[PDB]
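Single-structure report; data block below.
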Amino acid sequence: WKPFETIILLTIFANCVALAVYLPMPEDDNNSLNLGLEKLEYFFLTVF
Amino acid sequence: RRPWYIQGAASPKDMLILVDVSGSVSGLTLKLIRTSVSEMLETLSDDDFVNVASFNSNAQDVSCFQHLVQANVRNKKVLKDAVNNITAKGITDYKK
Ligand SMILES: [Ca+2]
């Protein structure tokens, strides 16, 4: 009943932004940002 | 590109061609890299020493040489044949 849904909406928007900034690479290549986003993916999973 | 011009334009070289074969170079840029490596190998003479290495998270030689060679016709042919066989796969590592 407290505005808890607003935090979930904001974290959904954050997850969408993290999905947007991902840069696909050919033949199993990566950069620093992609590795950073992979670790950040667990933070959203735990919250959800 | 003539042998006499190249001889009179600079001194003998100890050249080491380093080729990136990580995943991102897959496609047009890999073919362009192969052609460029062959063209630069064509600029060397018998007084220059050359070896070609490739790295994708790990560095290794592209042929059975393992060190600098005299860069004559036969060695350059071997290096060109080895170079026109590389594939793009992995993650770049410039330090190694
Ligand atoms: Ca790369």
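For neighbour counting, all protein chains shown are included, and Cβ atoms are generated from backbone atoms with ideal geometry for every residue, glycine included. Bear in mind that the values in this text are calculations on the coordinates, not laboratory data.
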Exercise. Using +1 on the beta carbon of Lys and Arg, -1 on that of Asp and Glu, and nothing else charged, what's the dipole of the range B:7-96 about the Cα centre, debye to 20?
Worked result: 300
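Size of the dipole of chain A about the Cα centre, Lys and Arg at +1 and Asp and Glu at -1 on the beta carbon, nothing else charged, in debye to 20?
So the dipole magnitude of chain A works out to roughly 380 debye.
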Problem set entry | C-alpha center-to-center spacing [chain A, the range B:24-96] in angstrom | 39
Exercise. Label points 7 Å out from Cα along the Cβ direction at residue B:9 and residue A:1: separation in nm?
Worked result: 8.4
Exercise. Farthest toward the dipole's positive end in chain B, which of B:6, B:62, B:35, given Cβ charges of +1 (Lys, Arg) and -1 (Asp, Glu) about the Cα centre?
Worked result: B:35
Exercise. Shape of the protein assembly as shown from its Cα gyration tensor (a ≥ b ≥ c, root eigenvalues): rounded if a/c is under 1.5, otherwise prolate when a/b > b/c, or oblate?
Worked result: prolate
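Could you check what % of the DSSP bridge pairs in the protein assembly as shown are antiparallel, to the nearest 5?
If we restrict to bridges inside the protein assembly as shown, about 35 percent are antiparallel.
Please report the projected area of chain A's Cα convex hull averaged over all directions, in nm².
Mean orientational projected area (chain A, Cα hull): 3.6 nm².
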Seminar exercise, completed: Magnitude of the Cβ-charge dipole (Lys and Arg +1, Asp and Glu -1) of the protein assembly as shown about the Cα centre, nearest 20 debye, reported as 260
Seminar exercise, completed: If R0 = 30 Å, then residue A:42 and residue B:31, at their Cβ-Cβ distance, give a FRET efficiency to the nearest 0.05 of 0.15
Problem set entry | Kirkwood-based Rg to Rh ratio, the range B:23-96, C-alpha trace | 0.97
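Provide the net charge surrounding residue B:40, with neighbours chosen by a C-beta distance below 13 Å and charges set as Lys +1, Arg +1, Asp -1, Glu -1.
Charge balance near residue B:40 sits at +2.
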